[PDB]
$ cat my_file23.cif   # mmCIF, C-alpha atoms
data_structure
loop_
_atom_site.label_atom_id
_atom_site.label_comp_id
_atom_site.auth_asym_id
_atom_site.auth_seq_id
_atom_site.Cartn_x
_atom_site.Cartn_y
_atom_site.Cartn_z
CA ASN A 1 109.72 93.80 61.55
CA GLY A 2 110.32 97.42 62.54
CA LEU A 3 113.90 97.07 61.31
CA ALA A 4 112.67 96.19 57.82
CA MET A 5 111.77 98.70 55.12
CA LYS A 6 113.87 101.22 57.04
CA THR A 7 117.22 102.79 56.17
CA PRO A 8 119.93 101.21 58.32
CA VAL A 9 121.31 104.71 58.91
CA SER A 10 117.90 105.84 60.17
CA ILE A 11 117.78 102.76 62.38
CA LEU A 12 121.17 103.70 63.83
CA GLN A 13 120.05 107.27 64.50
CA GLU A 14 116.80 106.06 66.05
CA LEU A 15 118.49 103.56 68.37
CA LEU A 16 121.13 106.09 69.41
CA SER A 17 118.42 108.69 70.02
CA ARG A 18 116.41 106.28 72.17
CA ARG A 19 119.42 105.36 74.30
CA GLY A 20 121.09 108.76 74.11
CA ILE A 21 124.40 107.37 72.86
CA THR A 22 127.14 109.06 70.86
CA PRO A 23 129.59 106.47 69.56
CA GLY A 24 133.19 107.26 68.60
CA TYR A 25 135.01 106.28 65.41
CA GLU A 26 138.64 105.49 64.57
CA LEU A 27 140.49 105.07 61.28
CA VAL A 28 141.86 101.54 60.99
CA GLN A 29 143.24 101.12 57.47
CA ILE A 30 142.80 102.43 53.94
CA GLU A 31 143.49 99.94 51.15
CA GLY A 32 142.28 99.03 47.67
CA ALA A 33 142.33 100.88 44.34
CA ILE A 34 143.63 104.40 43.76
CA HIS A 35 140.32 105.60 42.32
CA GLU A 36 138.34 103.20 44.51
CA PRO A 37 140.04 102.68 47.87
CA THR A 38 138.32 100.84 50.71
CA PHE A 39 138.07 102.51 54.11
CA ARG A 40 138.20 100.56 57.37
CA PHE A 41 136.85 102.20 60.52
CA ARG A 42 136.27 101.02 64.09
CA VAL A 43 133.43 102.16 66.34
CA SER A 44 132.90 101.93 70.10
CA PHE A 45 130.46 103.08 72.77
CA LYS A 46 129.50 102.40 76.38
CA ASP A 47 126.04 101.26 77.49
CA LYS A 48 124.30 98.88 79.89
CA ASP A 49 127.44 99.03 82.03
CA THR A 50 129.49 97.37 79.29
CA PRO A 51 131.69 98.57 76.43
CA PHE A 52 130.89 97.86 72.78
CA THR A 53 133.18 97.69 69.76
CA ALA A 54 132.92 96.78 66.07
CA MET A 55 134.81 97.17 62.80
CA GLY A 56 133.39 97.83 59.33
CA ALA A 57 134.38 99.09 55.89
CA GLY A 58 132.94 100.90 52.87
CA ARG A 59 133.72 102.88 49.72
CA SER A 60 134.05 106.11 51.69
CA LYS A 61 134.99 107.27 55.19
CA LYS A 62 131.36 108.08 56.00
CA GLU A 63 130.00 104.85 54.52
CA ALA A 64 132.64 102.82 56.36
CA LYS A 65 131.59 104.42 59.64
CA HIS A 66 127.98 103.48 58.90
CA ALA A 67 129.01 99.90 58.13
CA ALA A 68 130.89 99.67 61.43
CA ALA A 69 127.94 101.18 63.29
CA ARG A 70 125.66 98.67 61.58
CA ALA A 71 127.91 95.91 62.90
CA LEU A 72 127.18 97.24 66.38
CA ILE A 73 123.45 97.06 65.67
CA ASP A 74 123.82 93.45 64.54
CA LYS A 75 125.48 92.63 67.85
CA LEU A 76 122.81 94.52 69.78
CA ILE A 77 119.93 92.67 68.12
CA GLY A 78 121.88 89.42 67.85
CA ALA A 79 121.21 89.04 64.13
CA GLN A 80 121.73 90.46 60.65
CA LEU A 81 120.03 93.85 60.33
CA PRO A 82 117.51 93.64 57.49
CA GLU A 83 116.98 96.37 54.90
#
$ encode --input "my_file23.cif" --output "structure tokens"
Amino acid sequence: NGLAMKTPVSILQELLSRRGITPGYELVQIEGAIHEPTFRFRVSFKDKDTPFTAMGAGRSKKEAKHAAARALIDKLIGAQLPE
């Protein structure tokens, strides 16, 4: 329940702080509207002697990175990260 009532971004920062991980990001594709384009980013990091990767998207470059990083969290916990 510790993942509930907690900003997903804060959860990301907490988990990365606990492990001591700095993930990297890569621009995948920008598509959508002129005034409202959608940003696709990929994120990857190494831990537990295995590589991780995930791809997300959002309304901005920063938000897209957070979405991708949240996808990592989902894989780490093996479930949909609650709000």
$ closest_residue --input "my_file23.cif" --among "A:43, A:16, A:81, A:76" --to "residue A:56" --atoms "only C-alpha atoms"
A:43
$ residues_around --input "my_file23.cif" --residues "residue A:26" --least-positions-apart "5" --cutoff "9 Å" --atoms "only C-alpha atoms" --output "list in words"
residues 40, 41, 42, 43, 44 and 65 of chain A
$ atom_distance --input "my_file23.cif" --atom1 "atom CA of residue A:74" --atom2 "atom CA of residue A:32"
25.6 Å
$ resolve_selection --input "my_file23.cif" --expression "the PyMOL selection byres ((chain A and resi 9) around 12)" --output "list in words"
residues 3, 5, 6, 7, 8, 10, 11, 12, 13, 14, 15, 16, 62, 63, 64, 65, 66, 67, 68, 69, 70, 71, 73, 81, 82 and 83 of chain A
$ write_last_selection --input "my_file23.cif" --atoms "C-alpha atoms" --output "short mmCIF file (atom, residue, chain, number, x, y, z; two decimals), in the coordinates of the input"
data_model
loop_
_atom_site.label_atom_id
_atom_site.label_comp_id
_atom_site.auth_asym_id
_atom_site.auth_seq_id
_atom_site.Cartn_x
_atom_site.Cartn_y
_atom_site.Cartn_z
CA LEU A 3 113.90 97.07 61.31
CA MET A 5 111.77 98.70 55.12
CA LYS A 6 113.87 101.22 57.04
CA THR A 7 117.22 102.79 56.17
CA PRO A 8 119.93 101.21 58.32
CA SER A 10 117.90 105.84 60.17
CA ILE A 11 117.78 102.76 62.38
CA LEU A 12 121.17 103.70 63.83
CA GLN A 13 120.05 107.27 64.50
CA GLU A 14 116.80 106.06 66.05
CA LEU A 15 118.49 103.56 68.37
CA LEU A 16 121.13 106.09 69.41
CA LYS A 62 131.36 108.08 56.00
CA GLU A 63 130.00 104.85 54.52
CA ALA A 64 132.64 102.82 56.36
CA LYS A 65 131.59 104.42 59.64
CA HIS A 66 127.98 103.48 58.90
CA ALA A 67 129.01 99.90 58.13
CA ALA A 68 130.89 99.67 61.43
CA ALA A 69 127.94 101.18 63.29
CA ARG A 70 125.66 98.67 61.58
CA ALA A 71 127.91 95.91 62.90
CA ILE A 73 123.45 97.06 65.67
CA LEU A 81 120.03 93.85 60.33
CA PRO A 82 117.51 93.64 57.49
CA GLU A 83 116.98 96.37 54.90
#
$ atom_distance --input "my_file23.cif" --atom1 "atom CA of residue A:57" --atom2 "atom CA of residue A:39"
5.3 Å
$ build_atoms --input "my_file23.cif" --residues "stretch 43-58 of chain A" --atoms "N, CA, C and O atoms" --output "PDB file, in the coordinates of the input"
ATOM      1  N   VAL A  43     134.383 101.374  65.563  1.00  0.00           N
ATOM      2  CA  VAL A  43     133.430 102.160  66.340  1.00  0.00           C
ATOM      3  C   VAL A  43     133.195 101.539  67.711  1.00  0.00           C
ATOM      4  O   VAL A  43     133.163 100.317  67.855  1.00  0.00           O
ATOM      5  N   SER A  44     133.034 102.392  68.717  1.00  0.00           N
ATOM      6  CA  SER A  44     132.900 101.930  70.100  1.00  0.00           C
ATOM      7  C   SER A  44     132.011 102.866  70.903  1.00  0.00           C
ATOM      8  O   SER A  44     131.998 104.076  70.683  1.00  0.00           O
ATOM      9  N   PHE A  45     131.263 102.293  71.841  1.00  0.00           N
ATOM     10  CA  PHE A  45     130.460 103.080  72.770  1.00  0.00           C
ATOM     11  C   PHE A  45     130.176 102.303  74.049  1.00  0.00           C
ATOM     12  O   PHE A  45     130.277 101.076  74.075  1.00  0.00           O
ATOM     13  N   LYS A  46     129.817 103.021  75.107  1.00  0.00           N
ATOM     14  CA  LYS A  46     129.500 102.400  76.380  1.00  0.00           C
ATOM     15  C   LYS A  46     127.999 102.444  76.659  1.00  0.00           C
ATOM     16  O   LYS A  46     127.351 103.470  76.451  1.00  0.00           O
ATOM     17  N   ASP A  47     127.453 101.328  77.129  1.00  0.00           N
ATOM     18  CA  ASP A  47     126.040 101.260  77.490  1.00  0.00           C
ATOM     19  C   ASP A  47     125.730  99.974  78.249  1.00  0.00           C
ATOM     20  O   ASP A  47     126.438  98.975  78.118  1.00  0.00           O
ATOM     21  N   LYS A  48     124.668 100.009  79.046  1.00  0.00           N
ATOM     22  CA  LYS A  48     124.300  98.880  79.890  1.00  0.00           C
ATOM     23  C   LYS A  48     125.490  98.399  80.716  1.00  0.00           C
ATOM     24  O   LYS A  48     125.663  97.201  80.938  1.00  0.00           O
ATOM     25  N   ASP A  49     126.304  99.345  81.171  1.00  0.00           N
ATOM     26  CA  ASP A  49     127.440  99.030  82.030  1.00  0.00           C
ATOM     27  C   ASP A  49     128.380  98.038  81.349  1.00  0.00           C
ATOM     28  O   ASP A  49     128.967  97.178  82.005  1.00  0.00           O
ATOM     29  N   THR A  50     128.517  98.163  80.033  1.00  0.00           N
ATOM     30  CA  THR A  50     129.490  97.370  79.290  1.00  0.00           C
ATOM     31  C   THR A  50     129.899  98.081  78.001  1.00  0.00           C
ATOM     32  O   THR A  50     129.083  98.738  77.353  1.00  0.00           O
ATOM     33  N   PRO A  51     131.169  97.943  77.634  1.00  0.00           N
ATOM     34  CA  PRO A  51     131.690  98.570  76.430  1.00  0.00           C
ATOM     35  C   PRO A  51     131.296  97.787  75.183  1.00  0.00           C
ATOM     36  O   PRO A  51     131.150  96.565  75.227  1.00  0.00           O
ATOM     37  N   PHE A  52     131.124  98.497  74.072  1.00  0.00           N
ATOM     38  CA  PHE A  52     130.890  97.860  72.780  1.00  0.00           C
ATOM     39  C   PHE A  52     131.924  98.288  71.755  1.00  0.00           C
ATOM     40  O   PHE A  52     132.423  99.413  71.795  1.00  0.00           O
ATOM     41  N   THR A  53     132.246  97.386  70.834  1.00  0.00           N
ATOM     42  CA  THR A  53     133.180  97.690  69.760  1.00  0.00           C
ATOM     43  C   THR A  53     132.860  96.881  68.506  1.00  0.00           C
ATOM     44  O   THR A  53     132.399  95.743  68.593  1.00  0.00           O
ATOM     45  N   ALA A  54     133.108  97.474  67.343  1.00  0.00           N
ATOM     46  CA  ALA A  54     132.920  96.780  66.070  1.00  0.00           C
ATOM     47  C   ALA A  54     133.726  97.439  64.961  1.00  0.00           C
ATOM     48  O   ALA A  54     134.079  98.615  65.049  1.00  0.00           O
ATOM     49  N   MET A  55     134.016  96.671  63.916  1.00  0.00           N
ATOM     50  CA  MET A  55     134.810  97.170  62.800  1.00  0.00           C
ATOM     51  C   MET A  55     134.107  96.910  61.469  1.00  0.00           C
ATOM     52  O   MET A  55     133.636  95.803  61.211  1.00  0.00           O
ATOM     53  N   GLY A  56     134.043  97.938  60.630  1.00  0.00           N
ATOM     54  CA  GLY A  56     133.390  97.830  59.330  1.00  0.00           C
ATOM     55  C   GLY A  56     134.212  98.503  58.242  1.00  0.00           C
ATOM     56  O   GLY A  56     135.302  99.012  58.499  1.00  0.00           O
ATOM     57  N   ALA A  57     133.681  98.505  57.024  1.00  0.00           N
ATOM     58  CA  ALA A  57     134.380  99.090  55.890  1.00  0.00           C
ATOM     59  C   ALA A  57     133.405  99.460  54.773  1.00  0.00           C
ATOM     60  O   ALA A  57     132.328  98.875  54.660  1.00  0.00           O
ATOM     61  N   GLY A  58     133.789 100.432  53.953  1.00  0.00           N
ATOM     62  CA  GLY A  58     132.940 100.900  52.870  1.00  0.00           C
ATOM     63  C   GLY A  58     133.753 101.626  51.803  1.00  0.00           C
ATOM     64  O   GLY A  58     134.983 101.647  51.855  1.00  0.00           O
TER      65      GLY A  58
END
